[PDB]
Structure formats: structure tokens, C-alpha cells
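Okay, structure first, notes after.
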Amino acid sequence: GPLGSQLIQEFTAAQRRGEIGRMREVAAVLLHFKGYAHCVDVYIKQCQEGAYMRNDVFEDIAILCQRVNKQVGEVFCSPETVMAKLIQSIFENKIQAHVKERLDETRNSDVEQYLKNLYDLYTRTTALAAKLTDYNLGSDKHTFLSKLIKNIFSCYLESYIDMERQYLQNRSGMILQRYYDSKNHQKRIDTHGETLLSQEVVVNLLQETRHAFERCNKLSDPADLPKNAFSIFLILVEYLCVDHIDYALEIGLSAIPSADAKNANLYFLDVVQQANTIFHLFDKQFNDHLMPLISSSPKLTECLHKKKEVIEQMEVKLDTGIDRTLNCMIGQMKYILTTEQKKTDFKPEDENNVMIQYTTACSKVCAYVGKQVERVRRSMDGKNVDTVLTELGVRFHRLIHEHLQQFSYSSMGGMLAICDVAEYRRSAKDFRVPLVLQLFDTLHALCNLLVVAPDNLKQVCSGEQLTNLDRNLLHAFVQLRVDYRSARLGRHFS
Ligand SMILES: [Br-]
Ligand SMILES: [Br-]
Ligand SMILES: [Br-]
Ligand SMILES: [Br-]
Ligand SMILES: [Br-]
Ligand SMILES: [Br-]
Ligand SMILES: [Br-]
Ligand SMILES: [Br-]
Ligand SMILES: [Br-]
Ligand SMILES: [Br-]
């Protein structure tokens, strides 16, 4: 019939000014007809008009819902259905308008600020939805809020991961270019030991990626959180690893003079030092930040495999470079020995007038060794420096060991050999590595063989420093004696 439902305008008047049960009476009448849905509707519009006048909209709607809750119980019979209508109106209108307002402007002017706003707006909305769930709305309310948040973020959170990666690729690219421009280095003799490894570029790349993970944690669907957080990681290993540090490792690998003369190749040891600190900053953000997001991954086993693979590819290159730098040093110590150690040193031309000291070949080497050891300590941190010295010291002991075996020794030449080793031992003591010192300790005892009289030869072999050594090793040194044939020293087949 002629619905004079425009007594709904009588309800509007009652709400305008004055607190009354007149709102209740008109509402109680209106539930008898279709139009009770419209009455509560205009009630929501009116109480919202004077509300939004604050800098913070999420506090404004929090105060709005509390004052409406105490009033709605006075006016309507089923406050729970009215209340759900309220917050739905707040979300579908006010919240969605405030989100579209913040994002449209910054979307085509500041992509990073867009991501930081989308993250902030989504966080405050969820925190707000947790405040609204405290009210006695119709249970299953949790699903109700979830649909409201989804209906105003579904398309923002859909194209999220693509904008996040497009941003990170571009921002990382700009950081790398800005660094290679400040060094006047176009991609693909340099006297400077330029490592091309910035501890600023890496820490700024990690700064950027860390923040991307945090946004990824809350803005990515939990079912796709692992695959999304790993997509971001692959961007890091493409710019930080492949493009920055792996590039500087190959560039630094070509500045090695290849075991020749005149080598100012302190360069690569500086590269090893920086790369190690970079690695410590790398896996630190990996364990603390990326791992909590990837822990629940279907194929986490393949995620850890690529992380390991990447960090081993460059681990090997560092091991190739430390090896090439070491035999460059061994190459020079060998050069000193061949050109400055003659036969007449251990096989003196005239037995009569010989002053026994360590050879000039010995001092030239020890002086060189010490000059390089110093450069190693000054170019590396305490942890990885002892592993390098150990290798150098082992190779150092190896060189002298085989060097001593290509000479014949007279009675007089014997002492000169010990004097050499004794000085070599002091040079090795400067390594501060027990292994190197102990290796020359056995070589020192070994030289004792080509000095003692033939009758006390098998006696000395029974000594504490020699007994626990292989008989073949004792034999190799006895053969170096000039009177190995002149005496019955062939009794070393036992
Ligand atoms: Br009115
Ligand atoms: Br209703
Ligand atoms: Br952020
Ligand atoms: Br959240
Ligand atoms: Br409930
Ligand atoms: Br930078
Ligand atoms: Br990439
Ligand atoms: Br280091
Ligand atoms: Br980090
Ligand atoms: Br001496």
C-alpha cells in the first residue's frame, strides 16, 4: 500500500538534536515493515557526519564505535546487526577512501613510499580490526572483518610482489651504478689495490632488502609467503652477489702476476678480508630475517641449497686467489735461493778458511719472508689470517726441505746448513703458528745428521727428535753427506 515510511524523516529529526527514546519508538514501529533496514541505515550516516575531524582516522573510528555502541543499545532491539552495519559502512566507505587517497598520489611519484604506506595502512587496519572484534558483534565476526579488509586490499595485495621486485631491482641497480661511477670504472695495469668492494653498498643493499622482507611478512598471503620471500632473496643474490662481489672477485683474480718477479700483489689479500666481512653481514640478515619467513617452505631444502651454492661459488674463488698469491711468494723465495745459493756454500772450496754463518741466501729469504708476513697480518683479521700463515708456513717448510736435498755436504758445510735452518726457524717463529715452528723443529734435528761423526751416526738416529720419524727420511739426509759412499752408511736399509 501507500507506505508512509517517511516517518523515517520523523526518525531523522529525533536524531538530529536531542537524546530520546523517540528514536526507539519510531524504530520499534518501523521493524513491523520493510524499511527498518533503511532506518538503521540513515542512523549510521548521521552519526558519521560529525565524527571524522581528527588527524588520525583509525583513532577517530575507534572513538566513534565506542560512543555509538552505548547508544545503539538504547535505540535498537538487535544492536549486533546494527553494529555490523556500522563498521561495514566505515570500511566500505571511509577506510577504503582513505587508503585509495594515500596510495594513488604516491604510486606514480614515490614507489618506495607507496610500499611503506601500504604496509602501514594494512598494519593499522588489522590492529583496528582486533579492537573492533572486542565488541559483542555476531560471532563468526572474525570472518566478517576478514572479508571487509580483503575487499579493500585484494587488488593492492595482488600486484604487491611484482611492484616490490620491480622496485628492488631498480633501487639495487642505481646503488651499483652510483658506486661504479664514483670509482670511474666502466664494467668489464691498475697500480692501486682497489678491492671494488664497498662495505657501504652491501650494507645499503641489505638495508633495502631487510625492509622488503618485513613488508613481505605481512602483505603477502601466508600460503605464498615462502615463495615470495625467496623471490626477494634471489634479487639480492643477483645484485649483491653476482653483480657486485662476484664481479670484484674475478677482477681481482686477474691482478695476480703468476709466480714471477716484481710482484706488488698485496691486492688480493685485501679482497679476501673485505669479502669475509661482507659474508658475515650477508648470512646474518639471512639467518635473522629471511629464515623466519622461509622456515615453513614446501621445498625449503632447495632454498638452503641455492643459498649454500651461491656462497660456495665465491668461497672457491677466494681459495683460488689465496693459492695464486701464495705460490707467487714461494716463487720469489725460490728465485732468491737458486740465484744466491751456490754449491760452494755447503761444499766449501777450501776446508781450511771458512767462517760458518747462515748463508746470504738464507738472510735474503728470511728478510723477504718477514716482510710478507707483516703484510699479511696488516691486511687480514685475526680469524682468517692464521689459516693463511699456516699454509705459507707449510709451503715455506716444504721449499727449504726440498732445497736442502739438492746439495752435497762436507764436514764444514754441515754447520752452515744448521745455521741456515736455525735462522729459518726464527723466521718461522715470527709466524706465531705452532705448526710452522714444529715443522722446522724436525728439520733442525734432521740437519744434525750431516754434521756428526760416522761412528755416532746410528746413535744420533736413536735420539728422541729423530726416532719417531720414518727411516727413509733419515736416509735421504744421510745421502746428502759427502762421505756417504766413503763410509759404510748403506746400513739404512733397516
Ligand atoms: Br531533520
Ligand atoms: Br538491521
Ligand atoms: Br617498511
Ligand atoms: Br598485520
Ligand atoms: Br561469540
Ligand atoms: Br651505497
Ligand atoms: Br634480478
Ligand atoms: Br679476514
Ligand atoms: Br640485515
Ligand atoms: Br749463524
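Labeling convention for the C-alpha cells: chains A, B, ... as they appear, residues from 1 per chain, ligands from 1 in order of appearance.
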Checklist line | region 195-207 of chain A environment, 8 Å, only C-alpha atoms, sequence neighbours closer than 6 positions dropped, as a PyMOL selection string | finding: chain A and resi 172+175-176+179+236+240+244-245+248+252+267-268+270-271+274-275+278+281-282+285
Output for the residues just chosen: N, CA and C atoms as a PDB file, in the first residue's frame:
```
ATOM      1  N   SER A 172      68.436  -1.343  -6.479  1.00  0.00           N
ATOM      2  CA  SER A 172      69.730  -2.013  -6.358  1.00  0.00           C
ATOM      3  C   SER A 172      70.632  -1.644  -7.527  1.00  0.00           C
ATOM      4  N   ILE A 175      72.107   1.828  -7.005  1.00  0.00           N
ATOM      5  CA  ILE A 175      73.134   1.811  -5.968  1.00  0.00           C
ATOM      6  C   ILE A 175      74.469   1.323  -6.532  1.00  0.00           C
ATOM      7  N   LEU A 176      74.408   0.318  -7.401  1.00  0.00           N
ATOM      8  CA  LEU A 176      75.609  -0.237  -8.015  1.00  0.00           C
ATOM      9  C   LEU A 176      76.225   0.727  -9.025  1.00  0.00           C
ATOM     10  N   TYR A 179      78.008   3.655  -7.418  1.00  0.00           N
ATOM     11  CA  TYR A 179      79.292   3.276  -6.845  1.00  0.00           C
ATOM     12  C   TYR A 179      80.365   3.142  -7.923  1.00  0.00           C
ATOM     13  N   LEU A 236      68.559 -10.182  -4.343  1.00  0.00           N
ATOM     14  CA  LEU A 236      69.737  -9.828  -3.565  1.00  0.00           C
ATOM     15  C   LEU A 236      70.974 -10.561  -4.075  1.00  0.00           C
ATOM     16  N   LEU A 240      73.852  -8.155  -5.191  1.00  0.00           N
ATOM     17  CA  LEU A 240      74.898  -8.146  -4.176  1.00  0.00           C
ATOM     18  C   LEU A 240      75.968  -9.189  -4.476  1.00  0.00           C
ATOM     19  N   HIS A 244      77.980  -7.547  -7.835  1.00  0.00           N
ATOM     20  CA  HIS A 244      78.905  -6.721  -7.063  1.00  0.00           C
ATOM     21  C   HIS A 244      80.157  -7.474  -6.620  1.00  0.00           C
ATOM     22  N   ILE A 245      79.984  -8.457  -5.740  1.00  0.00           N
ATOM     23  CA  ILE A 245      81.132  -9.109  -5.118  1.00  0.00           C
ATOM     24  C   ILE A 245      81.753 -10.188  -6.014  1.00  0.00           C
ATOM     25  N   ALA A 248      83.878  -8.410  -8.453  1.00  0.00           N
ATOM     26  CA  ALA A 248      85.112  -7.898  -7.868  1.00  0.00           C
ATOM     27  C   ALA A 248      86.101  -9.016  -7.555  1.00  0.00           C
ATOM     28  N   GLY A 252      89.697  -9.078  -9.389  1.00  0.00           N
ATOM     29  CA  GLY A 252      90.841  -9.172  -8.502  1.00  0.00           C
ATOM     30  C   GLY A 252      91.658 -10.426  -8.743  1.00  0.00           C
ATOM     31  N   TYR A 267      97.355  -6.740  -3.200  1.00  0.00           N
ATOM     32  CA  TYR A 267      95.988  -6.508  -3.648  1.00  0.00           C
ATOM     33  C   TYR A 267      94.976  -7.553  -3.168  1.00  0.00           C
ATOM     34  N   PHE A 268      95.168  -8.814  -3.544  1.00  0.00           N
ATOM     35  CA  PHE A 268      94.116  -9.806  -3.345  1.00  0.00           C
ATOM     36  C   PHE A 268      93.873 -10.164  -1.881  1.00  0.00           C
ATOM     37  N   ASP A 270      93.715  -8.061   0.439  1.00  0.00           N
ATOM     38  CA  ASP A 270      92.775  -7.030   0.856  1.00  0.00           C
ATOM     39  C   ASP A 270      91.363  -7.381   0.394  1.00  0.00           C
ATOM     40  N   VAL A 271      91.275  -8.084  -0.732  1.00  0.00           N
ATOM     41  CA  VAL A 271      89.992  -8.501  -1.288  1.00  0.00           C
ATOM     42  C   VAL A 271      89.371  -9.603  -0.435  1.00  0.00           C
ATOM     43  N   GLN A 274      87.859  -8.047   2.992  1.00  0.00           N
ATOM     44  CA  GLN A 274      86.577  -7.376   2.828  1.00  0.00           C
ATOM     45  C   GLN A 274      85.463  -8.372   2.535  1.00  0.00           C
ATOM     46  N   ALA A 275      85.721  -9.300   1.618  1.00  0.00           N
ATOM     47  CA  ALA A 275      84.728 -10.296   1.225  1.00  0.00           C
ATOM     48  C   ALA A 275      84.257 -11.141   2.408  1.00  0.00           C
ATOM     49  N   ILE A 278      81.894  -9.042   4.419  1.00  0.00           N
ATOM     50  CA  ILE A 278      80.667  -8.941   3.636  1.00  0.00           C
ATOM     51  C   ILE A 278      79.831 -10.202   3.822  1.00  0.00           C
ATOM     52  N   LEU A 281      78.038 -10.161   7.143  1.00  0.00           N
ATOM     53  CA  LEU A 281      76.872  -9.285   7.121  1.00  0.00           C
ATOM     54  C   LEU A 281      75.763  -9.897   6.278  1.00  0.00           C
ATOM     55  N   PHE A 282      76.150 -10.741   5.328  1.00  0.00           N
ATOM     56  CA  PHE A 282      75.201 -11.363   4.410  1.00  0.00           C
ATOM     57  C   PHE A 282      74.353 -12.435   5.091  1.00  0.00           C
ATOM     58  N   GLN A 285      71.827 -11.356   8.076  1.00  0.00           N
ATOM     59  CA  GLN A 285      70.479 -10.929   7.722  1.00  0.00           C
ATOM     60  C   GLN A 285      69.694 -12.107   7.154  1.00  0.00           C
TER      61      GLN A 285
END
```
Item checked: Spatial neighbours of residue 480 (chain A), 9 Å, only C-alpha atoms, chain gap at least 6 places, as JSON, numbers by chain -> {"A": [404, 405, 406, 407, 408, 409, 450]}
Check: When you draw a straight line from CA of residue 121 (chain A) to CA of residue 153 (chain A), how long is it in Å?
Finding: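 Taking CA of residue 121 (chain A) and CA of residue 153 (chain A), their separation equals 9.8 Å.
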Item checked: Protein and nucleic residues near ligand 5, 10 Å, only C-alpha atoms and all ligand atoms, as a PyMOL selection string -> chain A and resi 133+135-142
Note to self: For the structure I just gave you, how does DSSP split region 199-390 of chain A - specifically, which residues are helix (DSSP H, G or I)? Reply as a VMD selection string.
What the structure shows: chain A and resid 199 to 219 225 to 253 267 to 294 300 to 340 343 to 345 360 to 377 382 to 390
Check: What do you get as a list in words if you pick all residues at most 8 Å from ligand 7, counting only C-alpha atoms and all ligand atoms?
Finding: residues 169, 234, 235, 236, 238 and 239 of chain A
Next item on the list: Check which residues fall inside 6 Å of ligand 4 when counting only C-alpha atoms and all ligand atoms, and print them as a ChimeraX atom specification.
Entry: /A:123,126,218
Taking N, CA, C and O atoms for each residue, export the selection above as a short mmCIF file (atom, residue, chain, number, x, y, z; two decimals), in the first residue's frame.
```cif
data_model
loop_
_atom_site.label_atom_id
_atom_site.label_comp_id
_atom_site.auth_asym_id
_atom_site.auth_seq_id
_atom_site.Cartn_x
_atom_site.Cartn_y
_atom_site.Cartn_z
N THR A 123 48.69 -2.60 8.35
CA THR A 123 49.01 -2.92 9.73
C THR A 123 48.03 -2.25 10.69
O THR A 123 47.54 -2.88 11.63
N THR A 126 44.45 -3.94 10.45
CA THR A 126 44.37 -5.21 11.16
C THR A 126 44.37 -4.99 12.67
O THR A 126 43.63 -5.64 13.41
N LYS A 218 53.91 -9.37 6.10
CA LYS A 218 52.53 -9.03 6.45
C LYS A 218 51.64 -8.79 5.24
O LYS A 218 50.42 -8.92 5.33
#
```
Next item on the list: Compute the set of protein, DNA and RNA residues whose minimum atom distance to ligand 1 is at most 12 Å, using only C-alpha atoms and all ligand atoms, and state it as an MDAnalysis selection string.
Entry: chainID A and resid 6:18 42:43 46
Prev. selection, C-alpha atoms, output as a short mmCIF file (atom, residue, chain, number, x, y, z; two decimals), in the first residue's frame:
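Just written: out.cif:
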```cif
data_model
loop_
_atom_site.label_atom_id
_atom_site.label_comp_id
_atom_site.auth_asym_id
_atom_site.auth_seq_id
_atom_site.Cartn_x
_atom_site.Cartn_y
_atom_site.Cartn_z
CA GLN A 6 8.56 8.85 5.54
CA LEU A 7 8.00 8.70 9.28
CA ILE A 8 11.63 7.74 8.76
CA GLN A 9 12.09 11.51 8.41
CA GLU A 10 10.47 11.77 11.82
CA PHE A 11 13.27 9.47 13.00
CA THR A 12 15.88 11.69 11.31
CA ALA A 13 14.55 14.71 13.21
CA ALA A 14 14.70 12.88 16.54
CA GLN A 15 18.37 12.02 15.96
CA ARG A 16 19.40 15.49 14.74
CA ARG A 17 19.10 17.17 18.12
CA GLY A 18 18.03 15.80 21.49
CA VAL A 42 20.34 6.67 7.83
CA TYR A 43 21.16 6.36 11.53
CA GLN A 46 24.09 10.77 10.55
#
```
Item checked: Counting only C-alpha atoms and all ligand atoms, the residue of A:52, A:36, A:213, A:58 that sits nearest ligand 9 ->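 Of all the options, A:213 lies closest to ligand 9.
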Closest-contact table, chain A side, partner ligand 2, 9 Å, counting only C-alpha atoms and all ligand atoms, as a Markdown table:
```
| residue | atom | partner | partner_atom_place_in_ligand_line | distance |
| --- | --- | --- | --- | --- |
| A:31 | CA | ligand 2 | 1 (Br) | 8.8 |
| A:36 | CA | ligand 2 | 1 (Br) | 6.5 |
| A:37 | CA | ligand 2 | 1 (Br) | 4.9 |
| A:38 | CA | ligand 2 | 1 (Br) | 8.2 |
| A:39 | CA | ligand 2 | 1 (Br) | 8.3 |
| A:40 | CA | ligand 2 | 1 (Br) | 6.2 |
| A:41 | CA | ligand 2 | 1 (Br) | 8.0 |
| A:76 | CA | ligand 2 | 1 (Br) | 8.9 |
| A:78 | CA | ligand 2 | 1 (Br) | 7.7 |
| A:79 | CA | ligand 2 | 1 (Br) | 8.6 |
| A:80 | CA | ligand 2 | 1 (Br) | 8.9 |
| A:81 | CA | ligand 2 | 1 (Br) | 5.5 |
| A:82 | CA | ligand 2 | 1 (Br) | 5.5 |
| A:85 | CA | ligand 2 | 1 (Br) | 7.5 |
```
Margin query: As a quick test: using only C-alpha atoms and all ligand atoms, which residues lie no more than 7 Å away from ligand 3? Give them as a list in words.
Written below: residues 115, 116, 119, 211, 212, 214 and 215 of chain A
Writer output for current selection, C-alpha atoms, as a PDB file, in the first residue's frame:
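Dumped to out.pdb:
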```pdb
ATOM      1  CA  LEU A 115      55.102   0.315  -0.240  1.00  0.00           C
ATOM      2  CA  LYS A 116      55.762   1.883   3.164  1.00  0.00           C
ATOM      3  CA  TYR A 119      52.360  -1.679   4.782  1.00  0.00           C
ATOM      4  CA  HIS A 211      62.719  -3.762   4.806  1.00  0.00           C
ATOM      5  CA  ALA A 212      61.304  -5.617   1.805  1.00  0.00           C
ATOM      6  CA  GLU A 214      59.254  -7.026   6.649  1.00  0.00           C
ATOM      7  CA  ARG A 215      56.625  -5.792   4.192  1.00  0.00           C
TER       8      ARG A 215
END
```
Notebook entry, point to check: Residues at most 9 Å from region 394-398 of chain A, counting only C-alpha atoms, excluding those fewer than 5 positions away in the same chain, as a ChimeraX atom specification?
Noted result: /A:326-327,330,333,369,389,403,424,428,435-436,439-440,443
Write the residues you've just listed into a file as a PDB file, in the first residue's frame, and include C-alpha atoms for each of them.
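Everything below was put into result-v5.pdb:
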```
ATOM      1  CA  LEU A 326     100.934 -17.860  -2.093  1.00  0.00           C
ATOM      2  CA  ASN A 327     102.886 -19.547  -4.894  1.00  0.00           C
ATOM      3  CA  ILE A 330     107.008 -19.192  -2.909  1.00  0.00           C
ATOM      4  CA  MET A 333     111.686 -17.258  -2.354  1.00  0.00           C
ATOM      5  CA  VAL A 369     109.549 -13.856   4.471  1.00  0.00           C
ATOM      6  CA  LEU A 389     100.082 -18.091   7.567  1.00  0.00           C
ATOM      7  CA  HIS A 403     116.083 -27.103  -1.271  1.00  0.00           C
ATOM      8  CA  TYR A 424     114.868 -20.201   9.151  1.00  0.00           C
ATOM      9  CA  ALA A 428     109.081 -19.299  11.233  1.00  0.00           C
ATOM     10  CA  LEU A 435     102.663 -25.982  13.241  1.00  0.00           C
ATOM     11  CA  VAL A 436     105.243 -23.985  11.288  1.00  0.00           C
ATOM     12  CA  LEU A 439     107.867 -28.384  11.260  1.00  0.00           C
ATOM     13  CA  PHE A 440     111.212 -26.569  11.294  1.00  0.00           C
ATOM     14  CA  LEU A 443     114.129 -30.130  10.012  1.00  0.00           C
TER      15      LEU A 443
END
```
Next item on the list: With only C-alpha atoms and all ligand atoms counted, collect every polymer residue having an atom within 6 Å of ligand 10; state the result as a PyMOL selection string.
Entry: chain A and resi 357-358+419
Notebook entry, point to check: CA of residue 469 (chain A) and CA of residue 454 (chain A), how far apart in Å?
Noted result: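 Those two atoms sit 19.7 Å apart.
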Margin query: Please determine, counting only C-alpha atoms, which residue among A:441, A:86, A:156, A:351 has the shortest atom-to-atom distance to residue 114 (chain A).
Written below: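 Answer, going by the shortest atom-to-atom distance: A:156.
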Margin query: Quick one: residues within 6 Å of region 294-299 of chain A, only C-alpha atoms, excluding same-chain residues fewer than 3 positions away - as a ChimeraX atom specification?
Written below: /A:226,291,302
Please produce a file of those selected residues containing N, CA and C atoms, as a compact mmCIF listing (two decimals), in the first residue's frame.
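As written to disk, out.txt reads:
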```txt
# COMPACT_ATOMS: atom_id res chain seq x y z
N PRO A 226 56.43 -18.10 1.65
CA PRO A 226 57.77 -18.64 1.36
C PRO A 226 58.29 -18.32 -0.04
N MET A 291 65.15 -16.32 7.29
CA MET A 291 64.83 -17.65 7.81
C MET A 291 63.45 -17.75 8.49
N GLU A 302 65.62 -26.90 -0.98
CA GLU A 302 66.21 -26.36 -2.20
C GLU A 302 66.55 -24.88 -2.03
```
